[PDB]
Structures are given as C-alpha cells and as structure tokens.
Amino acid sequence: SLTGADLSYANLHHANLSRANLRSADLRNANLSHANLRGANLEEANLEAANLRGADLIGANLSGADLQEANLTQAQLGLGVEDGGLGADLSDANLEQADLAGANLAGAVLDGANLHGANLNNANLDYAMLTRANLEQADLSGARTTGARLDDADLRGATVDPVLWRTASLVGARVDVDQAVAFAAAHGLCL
C-alpha cells in the first residue's frame, strides 16, 4: 500500500508509478522528475517542493493535493498523443508559486485551484477549466488559452497576454484596472 506512505525526499525520478494509489502520500521534496504517474491517484497528497519536471500526469487525480513550490516544468497533465488520455484532475489543488512553465494542462480541471504566484509561462491551458481559480500574481506569458474557462477566477496582478482577453471565458473574473484597460485594447479599443 502506498496510501499515506512517507515518501518525503524520495528518489523517484523516472519511476513507473502508473495507476499507483498515492492518496494522502507524503511526497514533500520528492524527486518525481519524468516519473510515470499516468492514471495515478494523488488526492490530498503532500507534493510541496516536489520535483515533477517532465512527469507524465495524464489522467491523474491531484484533487486537493498540495503542490506549493513544486516543479511541474513541461509536465504532461493534459490532452496528449498516445491514448485518449484525459486531462488531470487538479480540483482544489494548491499550486501556490508552483513552476508550471511549458506544462501541458490542455483539458485539465483546475476548478477552485490556488495558482497564486504560480509560473504558467508558455503553459498550454487550451480548454482548461480554471473556474473559481486564484491566479493572483501568476505569470501567464505565452500561455495558450483557447477554450479556457476562467469564469470567477481571480487574475489580479497576474501577467497576461492580450490574446487571453480574446480567448478565455472571463465571466465573473476579477481583474485590476490595468488588466481591465488591457482587456479593452485587446478587443480593439484605442487608448
């Protein structure tokens, strides 16, 4: 049984953890680089400062996990190639100051997630559900937002490309005055 396992600081890089039951596992500071976590259950796992760079998280359940300051650079969480693999479930996950640079989140569920100060630089957010998420001071530079749902998200202080304002659904989304102005310009108004 890997549920509730104490895996803190574990050397798991490139491990085959496919379909593993890791619910409530302590993975703090674990090295999961390029681990196969496909279809794995990570619900409520402690992933704080874990290294997930290049990990395969496709179809994984991260619901309620704490990923604060975890490294997800170029991790695969979303609609890929290979199988008909679904987006990861990150509902209510804690991603604060997580590094998601270049991560594939296409089709992933981030409803209620905390992305405050997170790095989303060049992330694929296509058809990602970011509803009720906190994106405050996050970096969305270069992110792909086609079909992305940001409804009731909090974007204040985030770095955002003009194309986000034209692509993501923003209904109820909280923005600051500069962003509101940027949103206008992105729809073609001149200031």
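All residue numbers are counted from 1 along the displayed sequence.
J.: On mean C-alpha B-factor from the PDB entry, just flag whether 79 to 87 or 94 to 102 is the higher one.
T.: Here the higher of the two C-alpha B-factor means belongs to 79 to 87.
J.: Among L135, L47, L32, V160, where is the Cα temperature factor highest, going by the PDB entry?
T.: Largest recorded C-alpha B-factor: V160.
J.: For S18, return the chain-relative third of its C-alpha B-factor as stated in the PDB record: lowest, middle or highest.
T.: CA B-factor rank for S18: middle third.
J.: By the recorded C-alpha temperature factor, relative to the other modelled residues in its chain, which third is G39 in?
T.: Middle third of the chain for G39's C-alpha B-factor.
J.: Determine, from the deposited record, the chain-internal third of the Cα B-factor for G147: lowest, middle or highest.
T.: According to the entry, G147 has a C-alpha B-factor in the chain's highest third.
J.: Sorting the chain's CA B-factors, does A25 end up in the lowest, middle or highest third?
T.: Middle third.
J.: Splitting the chain's C-alpha B-factors into thirds, which one does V171 fall into?
T.: It falls in the top third of the chain.
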